[PDB]
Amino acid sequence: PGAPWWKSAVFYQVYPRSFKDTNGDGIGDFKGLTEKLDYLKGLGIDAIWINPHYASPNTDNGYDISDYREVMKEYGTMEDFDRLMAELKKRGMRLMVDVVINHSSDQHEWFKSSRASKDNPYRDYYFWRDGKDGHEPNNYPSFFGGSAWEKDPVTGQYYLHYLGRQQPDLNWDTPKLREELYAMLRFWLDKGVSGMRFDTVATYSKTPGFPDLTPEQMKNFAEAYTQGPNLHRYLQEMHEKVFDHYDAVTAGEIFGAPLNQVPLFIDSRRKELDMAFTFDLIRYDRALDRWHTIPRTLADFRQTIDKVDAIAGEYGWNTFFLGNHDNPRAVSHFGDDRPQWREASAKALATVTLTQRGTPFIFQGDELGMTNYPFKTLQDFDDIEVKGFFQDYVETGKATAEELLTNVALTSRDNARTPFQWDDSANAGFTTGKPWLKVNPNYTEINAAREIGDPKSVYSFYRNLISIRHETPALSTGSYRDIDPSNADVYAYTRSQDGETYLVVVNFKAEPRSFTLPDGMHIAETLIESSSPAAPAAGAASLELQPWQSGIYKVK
């Protein structure tokens, strides 16, 4: 039995808001995405995941949805969504949409009804509780600042919001609510959608009675919110009432969950989700407060990958990504975005990304080696989470505005959201108007038109790696083995299938390094290298590596 198409595919994530504008309002749209499908096809992309594209007041850029069955006004009409689908299908490409059902907009008609009275039939579509001892029902905090509880004077109770005030949590404990969600999913799957990605999938079940978080839990609240006791019962039911009747792949954003629980979401025998996005790697260097960085080494990086791979085992399956719309840019985060090293390290990270056991997701603009943005003031951020940090840390006197700026510049989601850099015309060819978020000035050196025409570019290297992955089954579905998990200079591992073995070797230092193959192993062939003056000789038992050198080798 061949493995399903999604185990061997290469995905690309599109953040439609920041991808391509076609009417000069400074916001990307569907017509912009549709016009650029030949660009993604030519790169070799099999499937696209688009961030939320539904009716939204955009307090959280699409993740506050006010109608699940209509398209966002800024992106276009249902006709434009249908045309997008038809053009993907022409190119043999698939669509994964984002599914945001932990919470809705406070502007959704369900919520406008829910708020009206305790006896409203929509009351229990959300969570409403009396406050305690003069204040909120409990001490839950929100990821976006202040309490996770908001008082509504219309009834005098509080409603739950893990995310923003304008994102009330949906009440999965209510059967009528679940049934409404399942019908909504069927609405999109009936249109032929090939995949669904579940935003914060691990927080759907709430703790009965909502007791206070202990001081430990408080310091790690993201984790406590993943511990609802009905979580897997809900996911199994969603599979039985929705996914079982379609041919779609399902991927969960398992944010906050302890790694050893991940198998419950993805083990195929459990009939929950097909694949996981986990955050142990991408947050391995993030403080608990989410706005400081802690220094880590390559040893921490590879050890995390190893543990994550082990949790997928025989019946589970992982995605692999180094960036998304909620994190800093891959090259700035994991490589070295200084001008002399940006290109060399962007290539090394590509090699890593495209040779992991798992379905790779390439975040828009990483194929160009786009970097973090040079924020100068707090006013340069759009992000609602940065306003939250301002509220929780600056106004309470815990940190100065400057301490916030300096640290959040490195970590903020807005680093990923600056407009895609198409060429060196005005605003990098993203828009003819004023972009909703400023273009990085480095667009003059980093842009698609320049990259595409250059066979030594980062783009070209990504295109070649993708082609090599497509051609070499061991690189998608073969086993993974880290050759030396404690080495903090040179990342090396094998991928193996049906007697064939490939060796990947990646120098994480901006300094020359040596690598000795394990005993009995010799180089048979060189598939590709980055930043290398010469391939090893057939039979080679060791390698000399330039700074940031990467390579893939068939081994014997």
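Sequential numbering from 1, following the sequence displayed.
The deposited model assigns a higher average Cα B-factor to 516 to 524 than to the other stretch when 485 to 493 and 516 to 524 are compared. Between 214 to 222 and 183 to 191, it is 214 to 222 that carries the larger average Cα temperature factor according to the deposited entry. Of the candidates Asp285, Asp274, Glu445, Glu367, the deposited coordinates give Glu445 the top C-alpha B factor. Residues shown: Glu253, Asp414, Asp380, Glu237. Highest C-alpha temperature factor in the entry: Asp380. When all modelled residues of the chain are sorted by CA temperature factor, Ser56 is found within the lowest third. In the deposited entry, the Cα temperature factor of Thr351 places it in the middle third of its chain's modelled residues. Sort the modelled residues of the chain by CA B factor and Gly164 lands in the middle third. The PDB entry assigns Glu402 a C-alpha temperature factor belonging to the highest third of its chain's modelled residues. When the CA B factors of the chain's modelled residues are split into thirds, the value for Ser531 lands in the highest one.
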